[PDB]
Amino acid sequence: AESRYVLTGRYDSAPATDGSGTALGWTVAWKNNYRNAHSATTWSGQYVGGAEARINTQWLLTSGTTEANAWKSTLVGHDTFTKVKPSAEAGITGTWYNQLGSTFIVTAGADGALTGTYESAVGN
């Protein structure tokens, strides 16, 4: 769909069981079959499980630029994701929304893979 973009990423599929979060990250390149922003975002963060599951992230959004403009190519920010209807695999897998109203649909594989789609409330 016009609003959805592919994501792929990785997570720690054998996380510590000592109270620590589960490290993960993913990337969206902002091209789909409808639009192309010539940019890519990576989110790096951790999954915090339980009934009030969260994925807390920081992100880097790099736009393709000329070399002369490369100094201003990368935005930084932070997103917190809340799971709709809340193992790390089962914990992460599902639909999530962030504070902007963006939506993150993800499946976590047994091998550490993250796959899914992202819809941003802003940009593009």
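The numbering used is simple: start at 1 and walk along the sequence shown.
According to the PDB entry, the deposited sequence contains 4 to 9 residues between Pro86 and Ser87 that lack coordinates. The mean Cα B-factor in the deposited entry runs higher for 65 to 73 than for the other of 35 to 43 and 65 to 73. Per-stretch averaging of Cα B factors for 74 to 82 and 44 to 52 places 44 to 52 on top.
Comparing the C-alpha B-factors of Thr115, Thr22, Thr17, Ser102 in the entry, the top value falls on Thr17.
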